[PDB]
Amino acid sequence: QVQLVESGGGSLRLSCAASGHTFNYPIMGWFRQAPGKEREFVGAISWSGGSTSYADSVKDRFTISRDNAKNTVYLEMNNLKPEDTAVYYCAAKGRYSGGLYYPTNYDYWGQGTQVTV
Amino acid sequence: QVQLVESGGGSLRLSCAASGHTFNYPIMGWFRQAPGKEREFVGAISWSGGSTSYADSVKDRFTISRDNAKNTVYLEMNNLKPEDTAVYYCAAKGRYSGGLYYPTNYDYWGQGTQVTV
Amino acid sequence: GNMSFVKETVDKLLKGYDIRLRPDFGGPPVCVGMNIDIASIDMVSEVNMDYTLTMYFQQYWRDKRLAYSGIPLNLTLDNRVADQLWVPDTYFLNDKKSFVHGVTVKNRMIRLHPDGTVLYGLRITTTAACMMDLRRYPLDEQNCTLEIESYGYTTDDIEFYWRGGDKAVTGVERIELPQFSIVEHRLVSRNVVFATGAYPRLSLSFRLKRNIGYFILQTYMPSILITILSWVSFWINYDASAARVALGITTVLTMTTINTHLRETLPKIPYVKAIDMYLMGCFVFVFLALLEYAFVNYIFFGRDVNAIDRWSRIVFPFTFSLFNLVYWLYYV
Amino acid sequence: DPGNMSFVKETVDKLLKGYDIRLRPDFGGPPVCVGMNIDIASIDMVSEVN
Ligand SMILES: *[C@@H]1O[C@H](CO)[C@@H](O[C@@H]2O[C@H](CO)[C@@H](O[C@@H]3O[C@H](CO[C@H]4O[C@H](CO)[C@@H](O)[C@H](O[C@H]5O[C@H](CO)[C@@H](O)[C@H](O)[C@@H]5O)[C@@H]4O)[C@@H](O)[C@H](O[C@H]4O[C@H](CO)[C@@H](O)[C@H](O)[C@@H]4O)[C@@H]3O)[C@H](O)[C@H]2NC(C)=O)[C@H](O)[C@H]1NC(C)=O
Ligand SMILES: *[C@@H]1O[C@H](CO)[C@@H](O[C@@H]2O[C@H](CO)[C@@H](O[C@@H]3O[C@H](CO)[C@@H](O)[C@H](O)[C@@H]3O)[C@H](O)[C@H]2NC(C)=O)[C@H](O)[C@H]1NC(C)=O
Ligand SMILES: *[C@@H]1O[C@H](CO)[C@@H](O)[C@H](O)[C@H]1NC(C)=O
Ligand SMILES: *[C@@H]1O[C@H](CO)[C@@H](O)[C@H](O)[C@H]1NC(C)=O
């Protein structure tokens with residue numbers, strides 16, 4: 001059981017901090033949702049943090065990093081675009097779930113911090 | 001990646017110096033290209049032990065040795081002939097490439113040293 | 001879906017099918033797309049110089065013989081159907097021992113499509129060789145590979161490619177190696193020339209960076225502590241012969257014991273590691289401490305003790321700190 | 001004939017038709033000559049204890 005709290009919301013740096021049984025949920029993931037459309041995958045980061053995945057339409061514009069001990073994931077967003085306005089969520093996934101891009105595999109969700117540009 | 005430079009072009013002693021990720025490309029090989037003729041395989045030397053293979057034409061006339069300290073391969077030439085007038089290249093091969101006699105299996109190539117003697 | 005028409009359709013897909021012949025025998029080569037879903041990398045052994053990998057291996061090709069009309073949906077048949085079909089003779093070139101999981105049944109997928117397309121999935125655990133360069137060990141960075149190749153068919157008969165290109169391999173984030181972290185992974189496709197001919201090849205490469213925390217907790221810290229314990233001898237008065245020689249003998253014994261324990265868990269490589277350089281440095285430091293005491297003892301009685309003792313006390317930590325700084329900057 | 005998969009199928013079937021695996025080539029004739037090639041992939045390990 002992990003509780004996720006987001007913050008943040010030039011370049012914009014969001015941060016999501018987890019508290020609880022984070023070991024059982026190694027994978028952390030940023031999702032985005034605009035009005036009139038379902039939430040979509042933005043990116044994902046592993047327990048070690050060395051492996052990262054990004055959506056097709058956010059390559060080289062957004063970047064994800066993981067600070068352990070602090071137990072936080074940072075999403076830094078450069079060269080924003082008008083379509084980037086949306087609510088951003090951070091979610092945790094179990095060890096055996098399968099599929100980064102599908103939000104149904106994620107058990108625990110964030111608050112949905114708004115971003116407008 | 002590997003960078004190869006060959007120099008020292010009848011007792012010719014050519015020397016090919018390699019720099020970079022030499023571990024990933026253990027086998028090294030000397031090839032010969034006569035004027036207006038297809039590239040042909042002269043010789044090949046292994047990694048860390050210098051197990052050598054030769055072409056039928058140049059057996060017991062040319063020799064290849066490995067240094068493993070300066071990261072150089074020396075091709076010593078004896079009993080020269082007029083047909084041994086060509087551009088000589090040194091090239092590196094990956095661990096799993098297959099075949100010593102085929103230029104396409106080699107990834108990196110030297111510029112080539114001309115020999116007219 | 002009366003379930004008898006399906007049986008008729010599947011039956012007449014077979015009944016004239018020669019497993020001995022590839023699709024388009026004598027025609028252009030069969031294009032076989034491949035994708036991998038990595039489940040885990042269980043082990044990375046320096047002694048055996050290999051790594052264990054579990055994966056879902058999906059091959060995807062087209063066979064006009066297995067084309068059906070009517071039923072407009074994809075046929076997910078039982079895995080046993082794979083025994084009655086031609087499948088590519090794919091194999092892993094650098095594998096040492098591999099198997100297909102077989103509980104509760106053979107973990108196989110066969111999925112047909114109306115246009116003759118076949119999707120063939122396997123769940124494979126494989127040990128694969130990975131030659132490692134331990135020159136900069138434990139501050140080393142290894143490149144491991146999985147090489148997929150056609151055993152029997154040349155490029156005239158079969159061709160390999162990655163489905164989705166760089167997106168073909170997934171599950172790299174699932175890897176949890178306590179000792180390593182995957183910095184990068186790459187996909188390559190090429191043709192390799194042999195005496196028999198030119199064969200397709202795919203290569204999936206990983207770059208592993210080793211974590212240094214365990215070796216800080218295991219090797220370096222006891223060495224530094226034993227070196228400091230050697231330094232402690234300088235503060236003791238010169239006349240305490242037994243006390244001052246005891247520290248030296250225990251320091252050198254502990255350093256040799258650390259050396260044996262450290263070197264008896266790695267392959268018998270003939271070259272020197274970074275850990276070996278640091279270890280020999282610490283050994284010669286404790287050695288110089290013992291010889292410093294011996295030289296003082298020779299000078300005083302049996303031939304200034306205070307001056308040399310103070311000089312040793314001020315200089316040994318400085319020299320060791322300089323050595324550590326030089327080493328760590330060199331290897332980082 | 002060229003490209004006819006059925007032709008190749010029946011040709012192979014005829015080849016294997018009436019084929020006795022129990023008998024070697026030239027069973028009773030001169031010895032069958034078997035050439036051999038080896039391509040070494042690796043020597044994984046060398047153990048003195050074993
Ligand atoms: C782990 O460690 C392994 C060990 O080697 C690393 O392996 C190497 O990775 C590199 C990728 O960085 C591989 O290089 C790629 O090779 C492909 C192969 O294409 C081939 O097929 C072509 C036809 O499709 C053919 O034309 C090619 O031949 C050309 O080039 C050779 C050599 O220059 C030349 O002799 C020929 O005459 C041809 O001109 C070849 O047979 C190649 O297509 C890739 O090209 C990309 O990069 C080049 C240079 O930037 C660019 O010009 C191209 O346009 C293209 O963008 C690329 O060279 C290499 O093959 C791998 N080694 C082996 C043995 O397979 C691995 O990378 C490491 N991984 C990690 C994560 O560390
Ligand atoms: C039977 O198997 C076939 C082959 O996989 C299935 O077709 C595949 O179906 C998906 C889902 O409809 C298709 O994806 C779609 O692509 C469009 C265009 O890129 C995209 O906008 C959609 O969001 C969706 O992703 C896919 O193209 C298609 N494969 C093809 C055409 O080769 C099929 O759905 C399965 N079921 C049946 C009943 O046939
Ligand atoms: C289903 O198809 C089979 C095909 O042989 C046919 O015999 C049977 O009568 C059909 N039944 C129905 C309900 O369509
Ligand atoms: C292929 O071979 C079969 C079997 O002999 C024959 O019936 C058929 O006509 C052949 N087709 C062609 C076009 O060769």
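A few points on the structure. (Residues numbered from 1 in each chain as written, not as in the entry; some residues may be left out. Chains lettered and ligands numbered in written order. Part of a larger assembly, values for the part shown. Heavy atoms only, no water.)

## Structural notes on the overall build of chain C
Moving on, step 1. Check the secondary structure of chain C and you find five helices and twelve strands.
Moving on, step 2. At 32 Å, chain C has a C-alpha radius of gyration far larger than the 20 Å of a compact globule built from 332 residues.
Moving on, step 3. A principal-axis box enclosing the C-alpha atoms of chain C has dimensions of 105 × 45 × 25 Å.
Moving on, step 4. Carbon and sulfur atoms make up 61% of the accessible area of chain C, which totals about 17,500 Å².
Moving on, step 5. Charge separation in chain C, taken as the distance between the mean sites of 33 positive and 32 negative side-chain charges, equals 1 Å. (Helix = DSSP H or I, 4+ residues; strand = E, 2+ residues; numbered from the N terminus. Rg over C-alpha atoms; globule rule 2.2 N^0.38 Å. Areas by Shrake-Rupley, 256 points an atom, 1.4 Å probe, with all protein chains shown as cover. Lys, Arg positive; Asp, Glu negative; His and termini not counted. Charge placed at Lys NZ, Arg CZ, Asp CG, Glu CD.)

## Thoughts on the side chain of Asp133 of chain C
Moving on, step 1. Checked against the element boundaries, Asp133 of chain C lands in the loop between strand 7 (117–129) and strand 8 (141–150).
Moving on, step 2. Looking at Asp133 of chain C, the relative accessible area reads 19%, which means it is buried.
Moving on, step 3. Excluding its chain neighbours within four sequence positions, the residues that come into contact with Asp133 of chain C are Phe23 of chain B together with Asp140, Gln142 and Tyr271 of chain C. (Buried < 20%, exposed > 50% of the residue type's maximum accessible area, 1.4 Å probe, protein only. Contact = heavy atoms within 4.5 Å.)

## Examining empty space enclosed by the protein
Moving on, step 1. Taken as a whole, the largest cavity holds about 140 Å³ of empty space.
Moving on, step 2. Surrounding the largest cavity, 17 residues form its lining, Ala18, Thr22, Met28, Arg66 and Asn71 of chain A being those nearest its centre.
Moving on, step 3. Those elements that place two or more of their residues in the lining of the largest cavity are strand 1 (2–6), strand 2 (12–20), strand 3 (27–33), strand 6 (62–67) and strand 7 (72–77) of chain A.
Moving on, step 4. Within the lining of the largest cavity, the residues separate by chemical class into eleven nonpolar, four polar and two charged.
Moving on, step 5. Quantified by volume, the second largest cavity comes out at close to 70 Å³.
Moving on, step 6. Lining of the second largest cavity is provided by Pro26, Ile27, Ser46, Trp47, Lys93, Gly94, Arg95, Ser97 and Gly98 of chain A together with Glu173, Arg174 and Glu176 of chain C. (1 Å grid on protein atoms, 1.4 Å probe; cavity = no way out; pocket = protein on both sides within 12 Å on 5 of 7 lines; lining within 4 Å. Points joined across faces, edges and corners; volume = space filled by probe spheres on them. Nonpolar A, V, L, I, M, F, W, Y, C, P; charged D, E, K, R; others polar.)

## Quick notes on the sheet that holds strand 7 of chain A
Residue and element names in this part refer to chain A.
Moving on, step 1. Strands sit in the order 1-2-7-6 across an open sheet of four strands; the sheet is antiparallel. Each edge of the sheet is formed by a strand with only one pairing partner; in this case those strands are strand 1 and strand 6. Adjacent strand axes in the sheet meet at a mean angle of 20 degrees, parallel and antiparallel pairs treated alike.
Moving on, step 2. By the bridge criterion, five bridges tie strand 1 to strand 2 in an arrangement that is antiparallel. Bridge pairing in strand 2 places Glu6 opposite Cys16. (Pairing = 2+ DSSP bridges. Axes fitted to C-alpha atoms, helices over the stretch in contact; angles between N-to-C directions.)

## Considerations on helix 3 (residues 241–263) of chain C
All names here are of chain C.
Moving on, step 1. Given a rise of 1.5 Å per residue, 23 residues ought to cover 33 Å, and the 33 Å separating the end C-alpha atoms of helix 3 matches this to within 8%.
Moving on, step 2. Within helix 3 the residues assigned to the buried category are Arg244, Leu247, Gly248, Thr251, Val252, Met255, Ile258, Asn259 and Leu262.
Moving on, step 3. Structurally, helix 3 contributes buried residues whose contacts are with helix 2 (213–231), helix 4 (274–300) and helix 5 (305–330). (Expected span 1.5 Å × (residues − 1).)

## Let's talk about the sheet that holds strand 1 (residues 2–7) of chain B
In a beta sheet, neighbouring strands are held together by backbone hydrogen bonds and run either parallel or antiparallel to one another.
Residue and element names in this part refer to chain B.
Moving on, step 1. Strands sit in the order 1-2-7-6 across an open sheet of four strands; the sheet is antiparallel. Sheet topology places strand 1 and strand 6 (62–66) at the edges, where each strand pairs with a single neighbour. Neighbouring strand axes in the sheet, compared pairwise and without regard to direction, differ in orientation by 15 degrees on average.
Moving on, step 2. Two elements, strand 6 and strand 7 (residues 72–77), share five bridges in a ladder whose sense is antiparallel. Residue pairing across strands places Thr63 opposite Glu76, the latter belonging to strand 7.

## Examining the interface of chain A and chain C
Moving on, step 1. Contacts between the two partners involve nine residues from chain A, matched on the other side by six residues from chain C.
Moving on, step 2. Roughly 740 Å² is buried in total at the junction of chain A and chain C, and carbon and sulfur atoms are behind 46% of that figure.
Moving on, step 3. Together, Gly50, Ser51 and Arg95 of chain A form the three largest contributors to the area buried by chain A at its contact with chain C, with a combined 39%.
Moving on, step 4. Linking chain A with chain C are one salt bridge, by the criterion used here.
Moving on, step 5. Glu176 of chain C is the partner of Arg95 of chain A in a salt bridge, and the nearest nitrogen-oxygen pair spans 2.9 Å.
Moving on, step 6. Our enumeration of links across chain A and chain C arrives at one residue pair in polar contact. (Buried area = accessible area lost by both parts, 1.4 Å probe. Salt bridge = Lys/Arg side-chain N within 4 Å of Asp/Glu carboxyl O. Polar contact = N/O pair within 3.5 Å; in protein donor to acceptor, adjacent residues only side chain to side chain.)

## A closer look at the site of ligand 1
Moving on, step 1. Around ligand 1, a shell composed of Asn24, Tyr25, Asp107 and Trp109 of chain B together with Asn143, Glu184, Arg186, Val188, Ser189, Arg190, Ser205 and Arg207 of chain C is seen.
Moving on, step 2. Chains contributing residues to the immediate surroundings of ligand 1 are chains B and C.
Moving on, step 3. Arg186 of chain C places a polar side-chain atom, nitrogen or oxygen, 3.0 Å from an oxygen atom of ligand 1.
Moving on, step 4. Calculation on ligand 1 without its partners gives an accessible area of 1,300 Å², and the protein chains cover 42% of this total.
Moving on, step 5. Of all the secondary structure elements, the ones that give two or more residues to the shell around ligand 1 are strand 9 (106–109) of chain B together with strand 11 (180–193) and strand 12 (198–210) of chain C.
Moving on, step 6. Among the elements that line the shell around ligand 1, the one with the most residues is strand 11 of chain C, at five residues.
Moving on, step 7. Residues belonging to the shell around ligand 1 are distributed by class as follows: three nonpolar, four polar and five charged. (Near = heavy atom within 4 Å.)

## Re the interface of chain B and chain C
A common way to express how large an interface is: the accessible area buried when the components associate.
Moving on, step 1. Contacts between the two partners involve eleven residues from chain B, matched on the other side by 16 residues from chain C.
Moving on, step 2. Summed over both partners, the interface of chain B with chain C buries about 1,100 Å², with 51% contributed by carbon and sulfur atoms.
Moving on, step 3. Of the charged contacts, one joins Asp107 of chain B and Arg190 of chain C as a salt bridge, the two residues approaching to 3.2 Å between their closest N and O atoms.

## Description of the packing of helix 2 of chain C against helix 3 of chain C
Packed helix pairs are specified by the crossing angle of their axes together with the interaxial distance, meaning the distance between the axes.
Residues and elements named next belong to chain C.
Moving on, step 1. At their nearest, the axes of helix 2 and helix 3 sit 9 Å apart, and the two run at 165 degrees to each other. Classified by the angle their axes make, helix 2 and helix 3 are roughly antiparallel. Read as a crossing pair, helix 2 and helix 3 show a hand that is left-handed. Two secondary-structure elements touch here, helix 2 through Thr219, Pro222, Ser223, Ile226, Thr227, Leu229 and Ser230 and helix 3 through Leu247, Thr250, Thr251, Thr254, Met255, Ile258 and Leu262.
Moving on, step 2. Tallied by class, the residues present in the contact of helix 2 with helix 3 amount to seven nonpolar, seven polar and no charged. (Parallel < 35°, antiparallel > 145°, perpendicular 65-115°, else oblique. Left-handed = near helix turned anticlockwise from the far one by under 90°.)

## Topic: the pattern of salt bridges
Moving on, step 1. Evaluation of the coordinates by the stated rule reveals 28 salt bridges over all chains.
Moving on, step 2. Among the salt bridges present, the one from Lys96 of chain C reaches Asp50 of chain C, with a minimum N-O distance of 2.9 Å. On the criterion of sequence distance, the pair formed by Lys96 of chain C in strand 5 (residues 95–100) and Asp50 of chain C in strand 2 (residues 50–62) is long-range, its members being 46 residues apart.
Moving on, step 3. Between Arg135 of chain C and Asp133 of chain C there is a salt bridge; the shortest N-O distance is 3.0 Å.
Moving on, step 4. Counted as one network, the salt bridges with shared partners bring together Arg32, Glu40, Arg61 and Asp84 of chain A.

## A short note on the arrangement of the chains
Moving on, step 1. Contact analysis covers three pairs of chains in contact, and the most contacts occur between chains B and C.
Moving on, step 2. A minimum C-alpha distance of 31 Å separates chain A and chain D, which share no contact.
Moving on, step 3. The smallest C-alpha distance separating chain B from chain D is 9 Å, and no contact links them.

## Observations concerning the packing of aromatic side chains
Moving on, step 1. The tally for this structure, following the rule as stated, stands at 42 aromatic pairs over all chains.
Moving on, step 2. Centroid distance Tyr101 of chain B to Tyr102 of chain B: 6.2 Å. Interplanar angle 90 degrees. Geometry classified as edge-to-face.
Moving on, step 3. Over the face of the ring belonging to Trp109 of chain A we find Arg39 of chain A, whose NZ or CZ atom lies 4.7 Å from the ring centre.
Moving on, step 4. Sitting over the ring of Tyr74 of chain B, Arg13 of chain B keeps its end group 4.0 Å from the ring centre. (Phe/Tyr/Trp six-rings, centres within 6.5 Å; stacked < 30°, edge-to-face > 60°. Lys NZ or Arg CZ within 6 Å of the ring centre and 35° of its normal.)

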